[PDB]
file start.cif (mmCIF, C-alpha atoms)
data_final
loop_
_atom_site.label_atom_id
_atom_site.label_comp_id
_atom_site.auth_asym_id
_atom_site.auth_seq_id
_atom_site.Cartn_x
_atom_site.Cartn_y
_atom_site.Cartn_z
CA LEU A 922 -57.41 -75.46 128.14
CA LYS A 923 -61.18 -75.96 127.74
CA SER A 924 -60.60 -79.27 125.94
CA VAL A 925 -58.19 -80.31 128.71
CA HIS A 926 -60.74 -79.44 131.40
CA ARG A 927 -63.43 -81.40 129.57
CA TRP A 928 -60.98 -84.30 129.26
CA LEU A 929 -60.05 -83.93 132.93
CA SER A 930 -63.79 -83.82 133.69
CA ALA A 931 -63.94 -87.24 132.03
CA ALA A 932 -60.79 -88.39 133.88
CA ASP A 933 -62.13 -86.84 137.10
CA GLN A 934 -61.94 -89.96 139.30
CA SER A 935 -60.13 -93.25 139.82
CA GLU A 936 -62.81 -94.99 137.75
CA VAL A 937 -60.91 -98.31 137.91
CA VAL A 938 -58.48 -100.10 140.25
CA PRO A 939 -59.57 -98.54 143.57
CA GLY A 940 -57.32 -98.68 146.61
CA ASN A 941 -57.20 -102.11 148.27
CA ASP A 942 -57.91 -100.64 151.71
CA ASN A 943 -58.95 -103.94 153.33
CA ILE A 944 -59.00 -103.79 157.14
CA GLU A 945 -57.64 -106.73 159.14
CA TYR A 946 -58.41 -107.66 162.76
CA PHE A 947 -58.69 -104.93 165.36
CA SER A 948 -55.49 -105.91 167.14
CA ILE A 949 -55.61 -106.21 170.94
CA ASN A 950 -54.70 -102.64 171.90
CA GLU A 951 -52.98 -103.48 175.18
CA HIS A 952 -50.41 -100.83 174.19
CA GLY A 953 -49.75 -98.36 171.40
CA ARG A 954 -52.13 -96.07 169.52
CA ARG A 955 -53.58 -98.55 166.96
CA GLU A 956 -51.56 -96.93 164.15
CA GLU A 957 -52.22 -99.97 161.95
CA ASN A 958 -51.97 -97.92 158.74
CA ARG A 959 -48.16 -97.73 158.57
CA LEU A 960 -47.70 -101.45 159.28
CA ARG A 961 -50.39 -102.40 156.74
CA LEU A 962 -48.75 -100.15 154.13
CA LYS A 963 -45.27 -101.60 154.79
CA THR A 964 -46.66 -105.15 154.60
CA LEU A 965 -48.58 -104.58 151.36
CA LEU A 966 -45.63 -102.76 149.76
CA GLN A 967 -43.29 -105.62 150.71
CA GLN A 968 -45.66 -108.37 149.58
CA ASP A 969 -46.87 -106.84 146.28
CA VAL A 970 -44.08 -104.44 145.18
CA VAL A 971 -46.72 -101.95 144.01
CA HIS A 972 -43.89 -99.71 142.71
CA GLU A 973 -42.61 -102.47 140.36
CA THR A 974 -43.04 -99.83 137.61
CA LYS A 975 -45.37 -101.76 135.32
CA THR A 976 -48.98 -101.39 136.46
CA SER A 977 -51.00 -98.26 135.65
CA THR A 978 -54.32 -96.77 136.70
CA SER A 979 -55.37 -95.99 133.10
CA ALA A 980 -58.77 -94.61 134.13
CA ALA A 981 -58.80 -92.65 130.85
CA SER A 982 -57.42 -92.96 127.33
CA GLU A 983 -54.61 -90.42 127.74
CA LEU A 984 -55.71 -89.69 124.16
CA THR A 985 -58.86 -88.56 122.28
CA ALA A 986 -58.15 -84.85 122.87
CA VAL A 987 -61.47 -83.79 121.37
CA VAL A 988 -61.84 -80.21 120.07
CA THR A 989 -65.13 -78.44 119.49
CA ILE A 990 -67.01 -75.15 119.14
CA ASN A 991 -68.56 -75.82 122.55
CA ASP A 992 -66.27 -73.45 124.48
CA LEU A 993 -64.65 -71.39 121.70
CA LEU A 994 -67.19 -68.56 122.14
CA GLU A 995 -65.68 -67.93 125.58
CA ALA A 996 -63.70 -65.52 123.42
CA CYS A 997 -66.49 -63.25 124.74
CA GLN A 998 -64.87 -59.87 124.07
CA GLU A 999 -61.15 -59.45 123.41
CA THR A 1000 -59.21 -56.88 125.41
CA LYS A 1001 -57.78 -55.63 122.12
CA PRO A 1002 -56.05 -52.30 121.51
CA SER A 1003 -57.28 -49.88 118.81
CA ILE A 1004 -60.58 -49.14 120.51
CA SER A 1005 -59.23 -45.62 120.14
CA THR A 1006 -56.86 -45.61 117.18
CA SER A 1007 -56.37 -41.99 116.00
CA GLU A 1008 -52.61 -42.52 116.33
CA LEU A 1009 -52.74 -45.52 114.00
CA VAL A 1010 -54.99 -43.94 111.39
CA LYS A 1011 -52.49 -41.07 111.39
CA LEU A 1012 -49.93 -43.86 110.86
CA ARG A 1013 -51.84 -44.76 107.70
CA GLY A 1014 -52.08 -41.04 106.95
CA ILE A 1015 -48.29 -40.89 106.62
CA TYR A 1016 -48.67 -43.25 103.64
CA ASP A 1017 -51.82 -41.58 102.29
CA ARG A 1018 -49.78 -40.99 99.15
CA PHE A 1019 -46.91 -43.25 98.07
CA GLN A 1020 -44.37 -41.03 99.89
CA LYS A 1021 -42.22 -43.11 102.25
CA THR B 81 -30.37 -134.92 155.91
CA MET B 82 -27.60 -132.83 157.43
CA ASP B 83 -25.55 -134.26 160.29
CA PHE B 84 -24.11 -131.43 162.41
CA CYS B 85 -24.93 -127.91 163.54
CA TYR B 86 -23.53 -124.81 165.09
CA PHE B 87 -25.15 -124.47 168.51
CA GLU B 88 -24.87 -122.57 171.73
CA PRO B 89 -26.73 -122.62 175.02
CA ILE B 90 -28.17 -119.25 175.97
CA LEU B 91 -26.07 -118.57 179.05
CA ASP B 92 -27.60 -116.18 181.61
CA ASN B 93 -30.98 -117.45 180.38
CA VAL B 94 -32.25 -113.94 179.53
CA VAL B 95 -34.38 -113.80 176.36
CA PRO B 96 -36.54 -110.93 175.05
CA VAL B 97 -40.34 -111.03 174.99
CA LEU B 98 -41.82 -109.59 171.80
CA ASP B 99 -43.92 -106.43 171.88
CA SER B 100 -46.20 -107.78 169.14
CA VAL B 101 -46.67 -110.54 166.57
CA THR B 102 -48.69 -110.63 163.32
CA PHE B 103 -50.41 -113.80 162.07
CA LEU B 104 -51.93 -114.44 158.63
CA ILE B 105 -54.56 -117.17 158.31
CA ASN B 106 -56.80 -118.77 155.68
CA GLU B 107 -60.28 -117.27 155.32
CA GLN B 108 -62.09 -120.17 157.00
CA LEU B 109 -60.16 -120.21 160.28
CA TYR B 110 -59.68 -116.43 160.12
CA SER B 111 -63.45 -115.85 159.99
CA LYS B 112 -64.00 -118.60 162.59
CA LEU B 113 -61.78 -116.54 164.90
CA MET B 114 -62.97 -113.05 163.91
CA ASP B 115 -66.61 -113.92 164.62
CA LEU B 116 -65.74 -115.04 168.16
CA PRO B 117 -67.21 -112.63 170.75
CA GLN B 118 -64.21 -112.60 173.12
CA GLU B 119 -60.42 -112.39 173.08
CA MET B 120 -59.62 -115.38 175.30
CA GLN B 121 -61.69 -117.68 173.07
CA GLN B 122 -59.47 -116.67 170.13
CA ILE B 123 -56.33 -117.07 172.25
CA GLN B 124 -57.29 -120.50 173.58
CA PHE B 125 -58.32 -121.81 170.14
CA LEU B 126 -55.02 -120.59 168.66
CA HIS B 127 -53.19 -122.27 171.55
CA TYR B 128 -55.04 -125.52 170.82
CA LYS B 129 -54.48 -125.30 167.06
CA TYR B 130 -50.77 -124.44 167.05
CA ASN B 131 -49.57 -125.65 170.50
CA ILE B 132 -48.34 -122.11 171.21
CA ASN B 133 -47.60 -121.57 174.90
CA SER B 134 -47.27 -118.08 176.37
CA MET B 135 -43.86 -116.91 177.63
CA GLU B 136 -42.12 -120.08 176.45
CA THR B 137 -42.74 -120.17 172.68
CA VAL B 138 -39.82 -119.08 170.48
CA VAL B 139 -40.91 -117.37 167.25
CA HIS B 140 -39.39 -115.62 164.24
CA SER B 141 -40.83 -113.50 161.45
CA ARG B 142 -41.65 -115.54 158.31
CA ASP B 143 -41.99 -118.66 160.47
CA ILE B 144 -44.53 -121.10 159.05
CA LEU B 145 -47.75 -121.94 160.86
CA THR B 146 -49.04 -124.40 158.25
CA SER B 147 -48.16 -124.73 154.58
CA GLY B 148 -51.00 -123.68 152.29
CA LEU B 149 -52.87 -122.24 155.24
CA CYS B 150 -51.09 -119.84 157.62
CA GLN B 151 -47.75 -118.23 158.44
CA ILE B 152 -46.13 -115.79 160.87
CA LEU B 153 -45.46 -112.46 159.17
CA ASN B 154 -43.49 -110.08 161.41
CA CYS B 155 -42.36 -109.58 165.00
CA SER B 156 -41.62 -106.57 167.20
CA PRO B 157 -39.34 -105.09 168.29
CA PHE B 158 -36.86 -107.78 167.39
CA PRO B 159 -37.52 -110.15 164.46
#
call {"tool": "encode", "arguments": {"input": "start.cif", "output": "structure tokens"}}
result
Amino acid sequence: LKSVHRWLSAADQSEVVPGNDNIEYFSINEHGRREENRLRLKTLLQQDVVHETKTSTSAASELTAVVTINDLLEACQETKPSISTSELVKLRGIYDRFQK
Amino acid sequence: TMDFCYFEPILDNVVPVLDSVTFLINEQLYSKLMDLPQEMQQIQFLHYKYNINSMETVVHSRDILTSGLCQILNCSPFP
């Protein structure tokens, strides 16, 4: 998870191929609510076929899953059992001699 | 060329007026219009350039304006 978050911290933005959010003319708003965004999106989708299922953003390698000490010591302290273990040393005590 | 067509006159004369039209233009004339300070200057220069007359001009989506240079994209509400 730490390696993934470091890798995600490298992949943390659209480093290449930003959105082509060019703005055309401010159309003469005699009517309507200047909702140009939907028409622009429909036009660009029709003209470019952005979903042609071939292009990719590829802002990072999708590889090079580096691993390192750097975060391993976040082991900190384990919430282990056997902090008190009298039951389990009595478990050994059953086999103190070879019996059973 | 071809030699005959299907035709009809539009009886009862009624024809719809479009709610909007979109035009796409080469950078030079586009910028030459966009830098104009007023709407009627743009309108009148477009009228001069393309011989478009208000009320009377028939248009369709994907109609050409000039090859290499400009075209009519879409129309509303009807195409």
call {"tool": "residues_around", "arguments": {"input": "start.cif", "residues": "region 925-942 of chain A", "least_positions_apart": "2", "cutoff": "9 Å", "atoms": "only C-alpha atoms", "output": "PyMOL selection string"}}
result
chain A and resi 922-923+944+977-983+985-987
call {"tool": "atom_distance", "arguments": {"input": "start.cif", "atom1": "CA of residue 130 (chain B)", "atom2": "CA of residue 145 (chain B)"}}
result
7.3 Å
call {"tool": "closest_atom_pairs", "arguments": {"input": "start.cif", "of": "region 86-127 of chain B", "to": "region 945-969 of chain A", "cutoff": "12 Å", "atoms": "all atoms listed in the file", "output": "JSON lines"}}
result
{"residue": "B:99", "atom": "CA", "partner": "A:952", "partner_atom": "CA", "distance": 8.9}
{"residue": "B:100", "atom": "CA", "partner": "A:952", "partner_atom": "CA", "distance": 9.6}
{"residue": "B:101", "atom": "CA", "partner": "A:948", "partner_atom": "CA", "distance": 10.0}
{"residue": "B:102", "atom": "CA", "partner": "A:948", "partner_atom": "CA", "distance": 9.1}
{"residue": "B:103", "atom": "CA", "partner": "A:946", "partner_atom": "CA", "distance": 10.1}
{"residue": "B:104", "atom": "CA", "partner": "A:945", "partner_atom": "CA", "distance": 9.6}
{"residue": "B:105", "atom": "CA", "partner": "A:945", "partner_atom": "CA", "distance": 10.9}
{"residue": "B:107", "atom": "CA", "partner": "A:945", "partner_atom": "CA", "distance": 11.5}
{"residue": "B:110", "atom": "CA", "partner": "A:946", "partner_atom": "CA", "distance": 9.2}
{"residue": "B:111", "atom": "CA", "partner": "A:946", "partner_atom": "CA", "distance": 10.0}
{"residue": "B:113", "atom": "CA", "partner": "A:946", "partner_atom": "CA", "distance": 9.7}
{"residue": "B:114", "atom": "CA", "partner": "A:946", "partner_atom": "CA", "distance": 7.2}
{"residue": "B:115", "atom": "CA", "partner": "A:946", "partner_atom": "CA", "distance": 10.5}
{"residue": "B:116", "atom": "CA", "partner": "A:946", "partner_atom": "CA", "distance": 11.7}
{"residue": "B:118", "atom": "CA", "partner": "A:949", "partner_atom": "CA", "distance": 10.9}
{"residue": "B:119", "atom": "CA", "partner": "A:949", "partner_atom": "CA", "distance": 8.1}
{"residue": "B:120", "atom": "CA", "partner": "A:949", "partner_atom": "CA", "distance": 10.9}
{"residue": "B:122", "atom": "CA", "partner": "A:949", "partner_atom": "CA", "distance": 11.2}
{"residue": "B:123", "atom": "CA", "partner": "A:949", "partner_atom": "CA", "distance": 11.0}
call {"tool": "closest_residue", "arguments": {"input": "start.cif", "among": "B:128, B:142, B:147, B:81", "to": "chain A", "atoms": "all atoms listed in the file"}}
result
B:142
call {"tool": "resolve_selection", "arguments": {"input": "start.cif", "expression": "the PyMOL selection byres ((chain A and resi 992-999) around 10)", "output": "list in words"}}
result
residues 922, 923, 924, 927, 988, 989, 990, 991, 1000, 1001 and 1002 of chain A
call {"tool": "closest_residue", "arguments": {"input": "start.cif", "among": "B:156, B:108, B:137, B:146", "to": "chain A", "atoms": "only C-alpha atoms"}}
result
B:156
call {"tool": "atom_distance", "arguments": {"input": "start.cif", "atom1": "CA of residue 971 (chain A)", "atom2": "CA of residue 149 (chain B)"}}
result
24.0 Å
call {"tool": "resolve_selection", "arguments": {"input": "start.cif", "expression": "the PyMOL selection byres ((chain B and resi 140) around 8)", "output": "JSON list (two decimals) with C-alpha atoms, in the coordinates of the input"}}
result
[["chain", "number", "residue", "atom", "x", "y", "z"],
["B", 138, "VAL", "CA", -39.82, -119.08, 170.48],
["B", 139, "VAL", "CA", -40.91, -117.37, 167.25],
["B", 141, "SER", "CA", -40.83, -113.50, 161.45],
["B", 142, "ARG", "CA", -41.65, -115.54, 158.31],
["B", 143, "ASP", "CA", -41.99, -118.66, 160.47],
["B", 152, "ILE", "CA", -46.13, -115.79, 160.87],
["B", 154, "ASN", "CA", -43.49, -110.08, 161.41],
["B", 155, "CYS", "CA", -42.36, -109.58, 165.00],
["B", 159, "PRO", "CA", -37.52, -110.15, 164.46]]
call {"tool": "closest_residue", "arguments": {"input": "start.cif", "among": "B:153, B:97, B:132, B:144", "to": "chain A", "atoms": "all atoms listed in the file"}}
result
B:153
call {"tool": "atom_distance", "arguments": {"input": "start.cif", "atom1": "CA of residue 89 (chain B)", "atom2": "CA of residue 127 (chain B)"}}
result
26.7 Å
call {"tool": "axis_aligned_box", "arguments": {"input": "start.cif", "around": "region 929-935 of chain A", "padding_each_side": "8 Å", "output": "AutoDock Vina command-line options"}}
result
--center_x -62.0 --center_y -88.5 --center_z 135.9 --size_x 19.9 --size_y 25.4 --size_z 23.8
call {"tool": "decode", "arguments": {"input": "start.cif", "residues": "region 126-142 of chain B", "atoms": "N, CA and C atoms", "output": "short mmCIF file (atom, residue, chain, number, x, y, z; two decimals), in the first residue's frame"}}
result
data_model
loop_
_atom_site.label_atom_id
_atom_site.label_comp_id
_atom_site.auth_asym_id
_atom_site.auth_seq_id
_atom_site.Cartn_x
_atom_site.Cartn_y
_atom_site.Cartn_z
N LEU B 126 -20.37 39.31 -42.12
CA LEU B 126 -20.79 37.97 -42.54
C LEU B 126 -21.79 38.03 -43.70
N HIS B 127 -22.76 38.93 -43.61
CA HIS B 127 -23.70 39.16 -44.70
C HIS B 127 -22.99 39.51 -46.00
N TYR B 128 -22.02 40.42 -45.94
CA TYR B 128 -21.24 40.75 -47.13
C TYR B 128 -20.47 39.54 -47.65
N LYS B 129 -19.80 38.81 -46.75
CA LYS B 129 -18.92 37.73 -47.17
C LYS B 129 -19.70 36.59 -47.82
N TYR B 130 -20.82 36.19 -47.22
CA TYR B 130 -21.53 34.99 -47.64
C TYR B 130 -22.87 35.25 -48.32
N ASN B 131 -23.25 36.51 -48.52
CA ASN B 131 -24.54 36.86 -49.13
C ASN B 131 -25.73 36.29 -48.36
N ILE B 132 -25.56 36.08 -47.06
CA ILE B 132 -26.65 35.60 -46.22
C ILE B 132 -27.60 36.75 -45.94
N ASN B 133 -28.88 36.54 -46.21
CA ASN B 133 -29.93 37.50 -45.90
C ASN B 133 -30.83 36.94 -44.81
N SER B 134 -31.09 37.76 -43.80
CA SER B 134 -31.99 37.39 -42.71
C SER B 134 -33.39 37.06 -43.22
N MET B 135 -34.07 36.19 -42.47
CA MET B 135 -35.39 35.63 -42.76
C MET B 135 -35.44 34.74 -44.00
N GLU B 136 -34.77 35.14 -45.08
CA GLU B 136 -34.95 34.47 -46.36
C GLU B 136 -33.98 33.32 -46.62
N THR B 137 -32.83 33.29 -45.95
CA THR B 137 -31.80 32.32 -46.29
C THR B 137 -32.13 30.93 -45.75
N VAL B 138 -32.22 29.95 -46.66
CA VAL B 138 -32.35 28.54 -46.31
C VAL B 138 -30.98 27.99 -45.92
N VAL B 139 -30.93 27.19 -44.85
CA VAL B 139 -29.68 26.62 -44.38
C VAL B 139 -29.93 25.20 -43.89
N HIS B 140 -28.89 24.36 -43.95
CA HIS B 140 -28.87 23.06 -43.30
C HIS B 140 -27.57 22.88 -42.54
N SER B 141 -27.61 22.05 -41.51
CA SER B 141 -26.40 21.56 -40.86
C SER B 141 -25.51 20.80 -41.85
N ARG B 142 -24.19 20.92 -41.65
CA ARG B 142 -23.12 20.49 -42.55
C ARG B 142 -23.10 21.20 -43.90
#
